Amino acid sequence: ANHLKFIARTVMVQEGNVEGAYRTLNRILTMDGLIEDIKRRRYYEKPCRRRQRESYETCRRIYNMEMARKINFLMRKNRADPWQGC
Amino acid sequence: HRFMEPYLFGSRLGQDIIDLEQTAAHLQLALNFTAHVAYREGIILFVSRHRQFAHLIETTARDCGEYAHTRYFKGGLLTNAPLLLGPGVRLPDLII
Amino acid sequence: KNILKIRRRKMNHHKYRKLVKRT
Amino acid sequence: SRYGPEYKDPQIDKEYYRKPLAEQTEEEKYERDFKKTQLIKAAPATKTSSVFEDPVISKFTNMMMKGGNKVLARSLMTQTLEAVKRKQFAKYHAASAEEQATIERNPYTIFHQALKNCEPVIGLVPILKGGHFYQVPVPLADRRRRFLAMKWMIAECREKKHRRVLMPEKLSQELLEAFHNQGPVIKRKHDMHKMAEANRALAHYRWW
Amino acid sequence: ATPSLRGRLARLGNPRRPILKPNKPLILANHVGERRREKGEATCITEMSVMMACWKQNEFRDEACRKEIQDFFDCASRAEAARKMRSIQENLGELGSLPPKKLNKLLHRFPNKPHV
Amino acid sequence: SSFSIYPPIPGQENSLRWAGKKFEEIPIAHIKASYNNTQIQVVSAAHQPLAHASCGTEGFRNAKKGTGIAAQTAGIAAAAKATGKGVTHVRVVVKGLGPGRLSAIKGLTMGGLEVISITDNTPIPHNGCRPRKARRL
RNA sequence: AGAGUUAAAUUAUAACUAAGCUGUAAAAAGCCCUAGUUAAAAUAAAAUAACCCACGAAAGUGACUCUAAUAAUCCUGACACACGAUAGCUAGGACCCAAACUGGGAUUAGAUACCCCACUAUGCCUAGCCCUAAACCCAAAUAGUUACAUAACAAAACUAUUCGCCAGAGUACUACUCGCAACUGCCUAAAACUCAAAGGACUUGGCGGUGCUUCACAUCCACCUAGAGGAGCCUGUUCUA
Ligand SMILES: [Mg+2]
Ligand SMILES: [Mg+2]
Ligand SMILES: [Mg+2]
Ligand SMILES: [Mg+2]
Ligand SMILES: [Mg+2]
Ligand SMILES: [Mg+2]
Ligand SMILES: [Mg+2]
Ligand SMILES: [Mg+2]
Ligand SMILES: [Mg+2]
Ligand SMILES: [Mg+2]
Ligand SMILES: [Mg+2]
Ligand SMILES: [Mg+2]
Ligand SMILES: [Mg+2]
Ligand SMILES: [Mg+2]
Ligand SMILES: [Mg+2]
Ligand SMILES: [Mg+2]
Ligand SMILES: [Mg+2]
Ligand SMILES: [Mg+2]
Ligand SMILES: [Mg+2]
Ligand SMILES: [Mg+2]
Ligand SMILES: [Mg+2]
Ligand SMILES: [Mg+2]
Ligand SMILES: [Mg+2]
Ligand SMILES: [Mg+2]
Ligand SMILES: [Mg+2]
Ligand SMILES: [Mg+2]
Ligand SMILES: [Mg+2]
């Protein structure tokens, strides 16, 4: 309100392309986490539920990061086997 | 492995180094035992599950006249030999 | 599991509270 | 069902084989059609190489057929065509010179035009959501649209006529009304379109 | 990078209050999850709207406007073609990673050792 | 062709004009996209309301106006009234996350308004007023 | 623990425009002193940072600034002393928003519930009480070891010095006592009586109005054709005789 308008969360369209500008803005909001916060703030969540959600998300992130790291590590062994039939 | 500590000389920047004095000491006894088993007409089976030198191991066993196993080891091979190999089968006297 | 004993204690406490309220 | 999956549908068009040298894209396919030992099913009795038959007419005759009286269905179709031809000729001869250049007497083209006029554009699908059925508007396939167009006219002419009036006589009038966009089949199509326009707000219920 | 795991779980050696309370043990499995199929949605809604715009102003007659109806038919044909082809292209290719069937075999080739 | 998605703030000296008017004088279009309704109000740069159109104002109903088609139609309805008063370019300010969010934006273009920028002014409190309790107890 | 301050949102309050706004799977009710934009005090709370793991004995604490300040030259140790989440009580104040209860509107055979609307105590500040939680990390404190050694699962098995508890289950977070600003309250806490069991863990089936993939080819739907349930008759049943 007190801040200047048309500065935050504003994207300029290029050559009349509106669908792509909307996708760019949606990606901006998703990467900044505003979409999830807005969807979460529709109904109040109790602190116990907030802590449970944070712990579950942290565990899921750790597991996904480790699985991705192992997949990237083992990506080398996807080549064709040179010792087939031995 | 935890049981390889007495058999290790040290670590050279992460990579463990195996001492060769104990290696030769064990290898002399191993070769003597294998030679005695072969001399006493014993069945020697070269077992190795590794898809890089399977052909080399098979050729070495063929040259030696001893037997080889470099493929998928079946479950009841040595235990349930009378049903996996034949009615009456003589088990190998040495496994390398 | 332990939920059976928890529910039994809950029912006993609820009945005691209702009895106290009535009398 | 007696034909195995390897059997392929026959080709009845004679011009497809008469000039295979006019194009090369079809050559690459028709040369390997027989090389793969592709067996061909027997040609159906209904379909032939005659130039005076149309698949739309055959489908309409099959739909009008009751039980297995294909001869009766064919006779009804021929009588309907004769009736529409004679009714068009009567109006052609009763009209003046300017209307003769506009009125059409060919029964096949007016039949096809009436079917296209009575073909619906979109249909309604009942979708269960929240324990209630909603008539979601949905685009229709070409075969479904043609089948609905034929079925509406057949059902209307089978029941909305007098006992003394015969099926070819009723169908002759109904074909002309549909061609001129005045028939109850056209009214039913408009009713379906209006229902779809009313239920357009429920189109988000569709998931395909 | 990987989030820190030191001092997170409830263990005898951990002196502080546990931070994470995993639903299931944090053991890296030897098989990745199967790819989830995307939920379908209604298509050609914006074109059906402009098609019905003709009818609402022309008393529901197709002889008034024809371009909207033809465009709606083209949209329906394109939607059907995309439903047919994407259903077999997406389950085959992802353009960013290997198929889950190959990934499961790759993981089984180099599995984890929670024991010993 | 150096193009920046950042808005042209008045503090700079860039020369960008739309129909001869600067970015500051271009009218605004506030699109409030709720979970059950979508409202559009096109106002001038001087905060003077020019046009107003909502999904309920188009003859829809309770659950009918909550769909995206209602917002797409309301976009055209607002664009027609905006063009009736001589508006060619407008700055879209979106408020709230709803199903008819992009639908109204594209309906404006369908109705004949050229969007130059999309502003997402969604009210996100910094843990201020306590919202209502969760559903499905 | 005190003193001072507010960035976002919301609202009491005014102006222009418009007719609905809100409400759900769908509706109805409610408000049309309504809704959108532009300005707007007071109260409440403190987006991202936080994929951080710090402080405090625990409860608990993460919008900003300032003051005071976080014991023990460090073992255990009560019924003694001091604290003790939310909820509730008393007196005074504030009340945007949320909400027990309540009153309407939905659904249901019933719905004094889940769903929507309005509103009260209350959640907010000062002082005084109340002293309870799945107050759980269900793992006591102090210094240690990786020796022997997997009931099962789970957070691996254990030493040395202590304190507090545990003697089948139901009765029973009960009755009767003592004590307590608590008087529908808290702590401690039995017995008669009934049974031969009460329990923790695990395996296999079965089930699931759990969820994710692949399906239905006369099969569920999207859809096609011909019939039953309407009439007479034939025939077989259930009933009266
Ligand atoms: Mg009891
Ligand atoms: Mg601590
Ligand atoms: Mg668990
Ligand atoms: Mg509950
Ligand atoms: Mg204070
Ligand atoms: Mg403010
Ligand atoms: Mg006030
Ligand atoms: Mg009403
Ligand atoms: Mg904050
Ligand atoms: Mg200290
Ligand atoms: Mg002490
Ligand atoms: Mg209180
Ligand atoms: Mg109040
Ligand atoms: Mg309220
Ligand atoms: Mg009620
Ligand atoms: Mg307290
Ligand atoms: Mg706690
Ligand atoms: Mg305990
Ligand atoms: Mg102690
Ligand atoms: Mg076991
Ligand atoms: Mg006892
Ligand atoms: Mg108690
Ligand atoms: Mg008591
Ligand atoms: Mg059937
Ligand atoms: Mg019959
Ligand atoms: Mg019948
Ligand atoms: Mg009958």
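Residues numbered from 1 in each chain as written, not as in the entry; some residues may be left out. Chains lettered and ligands numbered in written order. Part of a larger assembly, values for the part shown. Heavy atoms only, no water.

- Going by the header, the method for this PDB entry is cryo-EM, and the resolution given is 3.9 Å.

## Here's the deal with the overall build of chain F
Part 1 of the argument: Along its length, chain F carries two helices and five strands.
Part 2 of the argument: What you see in chain F, going N to C, is helices and strands ordered as β-β-β-α-β-α-β.
Part 3 of the argument: In terms of principal-axis extent, the alpha carbons of chain F reach across some 55 × 40 × 30 Å.
Part 4 of the argument: With 137 residues in all, chain F has 45% of them scored as buried.
Part 5 of the argument: In chain F, 62% of the contacts between residues at least 6 apart in sequence involve partners at least 24 apart.
Part 6 of the argument: A total accessible area of about 7,300 Å² is found for chain F, and carbon and sulfur atoms account for 53% of it. (Helix = DSSP H or I, 4+ residues; strand = E, 2+ residues; numbered from the N terminus. Buried < 20%, exposed > 50% of the residue type's maximum accessible area, 1.4 Å probe, protein only. Contact = heavy atoms within 4.5 Å. Areas by Shrake-Rupley, 256 points an atom, 1.4 Å probe, with all protein chains shown as cover.)

## Considerations on the state of the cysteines
Residue and element names in this part refer to chain E.
Part 1 of the argument: All told, the structure shown has two disulfides over all chains when counted by the stated rule.
Part 2 of the argument: Each sulfur of the disulfide joining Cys44 and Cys75 lies 2.0 Å from the other. Across the disulfide from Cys44 to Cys75, rotation about the S-S bond amounts to roughly -95 degrees, and the bridge is consequently left-handed. Here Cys75 lies in helix α2 (residues 67-89) and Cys44 lies in the segment before α1 (45-58), a separation of 31 residues in the sequence.
Part 3 of the argument: One disulfide in the model links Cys54 with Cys65; its S-S distance is 2.0 Å. Taking the torsion about the sulfur-sulfur bond, which here is approximately 95 degrees, the covalent link between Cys54 and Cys65 counts as right-handed. One end of the pair, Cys54, is in helix α1; the other, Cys65, is in the loop between α1 and α2, with 11 residues separating them in the sequence. Accessibility classification places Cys54 together with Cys65 in one group, the buried group. (Disulfide = S-S within 2.5 Å.)

## Some words on empty space enclosed by the protein
Part 1 of the argument: Taken as a whole and judged by the stated rule, the model has one cavity of 30 Å³ or more.
Part 2 of the argument: Taken as a whole, the largest cavity holds about 40 Å³ of empty space.
Part 3 of the argument: Lining of the largest cavity is provided by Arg9(A), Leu34(A), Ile38(A), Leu97(F), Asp120(F), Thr122(F) and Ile124(F).
Part 4 of the argument: The residue inventory of the lining of the largest cavity, partitioned by class, reads four nonpolar, one polar and two charged. (1 Å grid on protein atoms, 1.4 Å probe; cavity = no way out; pocket = protein on both sides within 12 Å on 5 of 7 lines; lining within 4 Å. Points joined across faces, edges and corners; volume = space filled by probe spheres on them. Nonpolar A, V, L, I, M, F, W, Y, C, P; charged D, E, K, R; others polar.)

## Overview of the protein's contact with RNA strand G
Part 1 of the argument: Close to RNA strand G lie 71 residues, the nearest being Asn12(C), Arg8(E), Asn37(F), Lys65(F) and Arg130(F).
Part 2 of the argument: At a separation of 2.5 Å, a phosphate oxygen of RNA strand G approaches a polar side-chain atom of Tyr16(C).
Part 3 of the argument: With respect to RNA strand G, the side chain of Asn62(F) contributes an N or O atom lying 2.4 Å from a phosphate oxygen.
Part 4 of the argument: The element best represented in the surface near RNA strand G is helix α1 (residues 2-22) of chain C, accounting for nine residues.
Part 5 of the argument: Residues that form the surface near RNA strand G fall into these classes: 24 nonpolar, 22 polar and 25 charged. (Near = heavy atom within 4 Å. Polar contact = N/O pair within 3.5 Å; in protein donor to acceptor, adjacent residues only side chain to side chain.)

## Things to note about the pairing of strand β3 (residues 44-47) of chain B
Along a regular strand, successive side chains alternate from one face of the sheet to the other.
Residue and element names in this part refer to chain B.
Part 1 of the argument: Sheet topology places β3 next to strand β5 (residues 94-95); two bridges connect them, and they run parallel. If you follow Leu45 over to β5, its bridge partner there is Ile95.
Part 2 of the argument: Judged from the three bridges that link them, β3 and strand β4 (residues 67-69) form a sheet pairing that is parallel. By the bridge assignment for β4, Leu45 is matched with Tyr67.
Part 3 of the argument: Each parallel crossover has a hand, and for β3 linked through helix α2 (residues 54-64) to β4 it is right-handed. (Pairing = 2+ DSSP bridges. Right-handed = clockwise from strand over helix to strand, strands pointing away.)

## Quick look at the nonpolar core
Part 1 of the argument: Counting 32 residues, the largest nonpolar core has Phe60(D), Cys118(D), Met153(D), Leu171(D) and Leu175(D) as its most contacted members.
Part 2 of the argument: Looking at this core, the elements with two or more residues in it are α3 (55-64), α4 (70-94), α6 (107-118), β1 (122-129), β2 (132-139), α7 (142-159), α8 (167-179) and α9 (184-198) of chain D.
Part 3 of the argument: The next biggest cluster of nonpolar side chains, apart from the first, holds 31 residues, and it includes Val18(A), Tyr22(A), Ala53(F) and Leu108(F). (Core = buried A, V, L, I, M, F, W, Y, C linked by side-chain atoms within 4.5 Å.)

## Some details on unusual backbone geometry
Part 1 of the argument: One non-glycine residue with positive phi stands out, namely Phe6(A), at about 60 degrees.
Part 2 of the argument: On the secondary structure map, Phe6(A) appears in the segment before β1 (10-12).
Part 3 of the argument: Although it is not a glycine, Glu59(E) adopts a positive phi angle of roughly 65 degrees.
Part 4 of the argument: Along the chain, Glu59(E) falls in the loop between α1 and α2.

## Details of the sheet that holds β5(B)
Residue and element names in this part refer to chain B.
Part 1 of the argument: Ordered by their spatial adjacency, three strands build an open sheet running β4-β3-β5, and the pairing between neighbours is parallel. Each of the sheet's edge strands pairs with one partner strand only, and the pair in question is β4 and β5.
Part 2 of the argument: The sheet contacts of α2 involve β3 and β4, and relative to β4 the element is tilted by about 165 degrees. (Axes fitted to C-alpha atoms, helices over the stretch in contact; angles between N-to-C directions.)

## What to know about α3(D)
Part 1 of the argument: Of all the positions in α3(D), only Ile57(D), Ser58(D), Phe60(D), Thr61(D), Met63(D) and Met64(D) are classed as buried.
Part 2 of the argument: The backbone nitrogen of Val56(D) lies 3.2 Å from a side-chain oxygen of the residue at the head of α3(D), namely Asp54(D).

## As for the interface of chain E and chain A
Part 1 of the argument: Taken residue by residue, the interface counts 23 residues in chain E and 15 residues in chain A.
Part 2 of the argument: Contact between chain E and chain A buries roughly 1,800 Å² in total, counting both sides, with carbon and sulfur atoms accounting for 73%.
Part 3 of the argument: Scanning the region where chain E abuts chain A turns up zero salt bridges.
Part 4 of the argument: At the junction of chain E with chain A, the criterion picks out five residue pairs in polar contact.
Part 5 of the argument: A per-class count over the side of chain E that touches chain A returns 16 nonpolar, four polar and three charged. (Buried area = accessible area lost by both parts, 1.4 Å probe. Salt bridge = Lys/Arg side-chain N within 4 Å of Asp/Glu carboxyl O.)

## Focus on the packing of α3(D) against α4(D)
Residues and elements named next belong to chain D.
Part 1 of the argument: Relative to each other, α3 and α4 sit at 125 degrees, their axes nearing to 9 Å. Taken together, the axes of α3 and α4 lie oblique to each other. As for the relative orientation of α3 and α4, their crossing is right-handed in sense. On α4, the residues that touch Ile57, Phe60, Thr61, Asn62 and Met64 of α3 are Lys70, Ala73, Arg74 and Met77.
Part 2 of the argument: Partitioning the contact of α3 with α4 into residue classes produces five nonpolar, two polar and two charged. (Parallel < 35°, antiparallel > 145°, perpendicular 65-115°, else oblique. Left-handed = near helix turned anticlockwise from the far one by under 90°.)

## A word on the packing of aromatic side chains
Part 1 of the argument: Using the criterion set out here, one finds nine aromatic pairs over all chains in the structure.
Part 2 of the argument: Ring geometry for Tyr3(D) against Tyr7(D): centres 5.2 Å apart, planes inclined by 75 degrees, an arrangement best described as edge-to-face.
Part 3 of the argument: Using a relative accessible area of 40% as the deciding quantity, one classes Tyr3(D) as partly exposed.
Part 4 of the argument: With a centroid separation of 4.7 Å and an interplanar angle of 80 degrees, the aromatic rings of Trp207(D) and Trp208(D) are classed as edge-to-face.
Part 5 of the argument: Residue class for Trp207(D) comes out partly exposed when judged on its relative accessible area of 49%.
Part 6 of the argument: Members of the aromatic cluster, joined through ring pairs, are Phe6(A), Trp18(F) and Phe23(F).
Part 7 of the argument: Taking the ring centre of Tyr35(F) as reference, the NZ or CZ of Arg42(A) above it sits at 3.6 Å.
Part 8 of the argument: Positioned over the ring face of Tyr44(A) is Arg130(F), at 3.8 Å from the centre of the ring. (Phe/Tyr/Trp six-rings, centres within 6.5 Å; stacked < 30°, edge-to-face > 60°. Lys NZ or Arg CZ within 6 Å of the ring centre and 35° of its normal.)

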